[PDB]
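Quick heads-up: it's one chain on its own, the form deposited in one PDB entry, in structure tokens.
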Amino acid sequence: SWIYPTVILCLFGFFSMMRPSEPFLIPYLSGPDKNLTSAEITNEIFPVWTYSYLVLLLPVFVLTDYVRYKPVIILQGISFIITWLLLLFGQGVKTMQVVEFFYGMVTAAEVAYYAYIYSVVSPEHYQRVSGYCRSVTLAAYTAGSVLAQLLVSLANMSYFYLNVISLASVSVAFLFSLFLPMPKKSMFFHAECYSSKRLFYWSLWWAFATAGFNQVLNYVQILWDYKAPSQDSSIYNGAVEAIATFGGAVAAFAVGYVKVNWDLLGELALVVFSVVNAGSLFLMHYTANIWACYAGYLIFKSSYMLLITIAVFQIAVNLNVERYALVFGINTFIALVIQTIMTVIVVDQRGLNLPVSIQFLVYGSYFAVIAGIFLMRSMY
């Protein structure tokens, strides 16, 4: 009974996340077809994505619960189509800000994809199904990245046709979305945990690490363009992004497989991984070699996945399936608030308006500071 909804949802997720154009956005936005500057991209366009995502998170969380998840998934597909149509045929900074708003809407509506399974699949099949819905999606992204590189290097395709392929993929995903079964019920509408100190502590670290990770991901490509201009040197953004995603997945799988007492070693290992993330970011900032910056990105992604897997495991050790949704919603909202504060202060034109050449110094300092503060409280 679960096979049909599971298969349709996994097909939708795979085709929605298969986007060969994603790895090559900055070379595309700054290329001769859009002619946008790196300052405009980093300090005027990209920040909007956070703002909308913060604004649309809670409403969409409640809409998704009230109007059941299928409508929200269809809305996400429509948003994908509109976003990629505007990316393909949009021109100027204002159109790009609208594109960022719609992509933030897509990110906010992504919650329905992972909450849909609960209302259709029996509790018995939750775990495995979730795993599938996760595995598939990750593979899709990796596949797209690899394909992009294989098309950029061997097929000598243009960034425009990568966006065309992404548009076709999202259109197919939306068509698949139109065939998901209607959920009959919902967790909250159609049916105090933070008191525990451990839950609060682990959620705080999860939120801060997630904010840092998402801030670094939004501008890693701009940093790469700064170090290795795409208009004069060969770039390997697809291969690097595929390898980094694979390393992160392997790190998460290793965390899952190995059994160790995280109640005691968790703080030590998490501090060590935060220090490694800070060191990798410092290497990306200081190093003038592009290969060193790729290696730093790989290390940062793998270590952050090592971190977040343990954090999520510790948060979710005693939480129920129903409470997962609200706890993780609150944690992602707080992470978005932190990321929005950081963007307003640092990246936004109304703050320091720092270029990408100084932003990663701030990000490395941010991770080092998280590690330093959390190391405290040992004595006294």
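Don't overthink the numbering: it's just position in the shown sequence, from 1. So that the term is clear: the rigid core is the largest set of C-alpha atoms that superpose within 1.5 Å between two forms.
Residue-level annotation: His190 lacks coordinates in a third or more of the other entries compared, counting only those that model residues on either side of it.
In terms of unmodelled positions of the deposited sequence, the stretch from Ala191 to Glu192 in this entry skips 10 or more residues.
Although it is not shown, the form deposited in another entry is what the next lines describe.
Among the residues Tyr126, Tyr161, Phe179, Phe200, the single one whose Cα moves by at least 2 Å between the shown form and the other one, once the core is superposed, is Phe200. For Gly212, a C-alpha deviation of 2 angstroms or more is recorded between the shown form and the other one after rigid-core alignment. After superposing the rigid core, the C-alpha of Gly31 moves by less than 2 Å between the shown form and the other one.
Core-superposed comparison between the shown form and the other one: CA of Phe300 displaced by 2 Å or more.
Look at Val250 and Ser135: in the other entry their Cα atoms come 3 Å or more closer than in this form. Wider separation of the C-alpha atoms of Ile82 and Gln349, by 3 angstroms or more, is seen in the other entry than in the present form.
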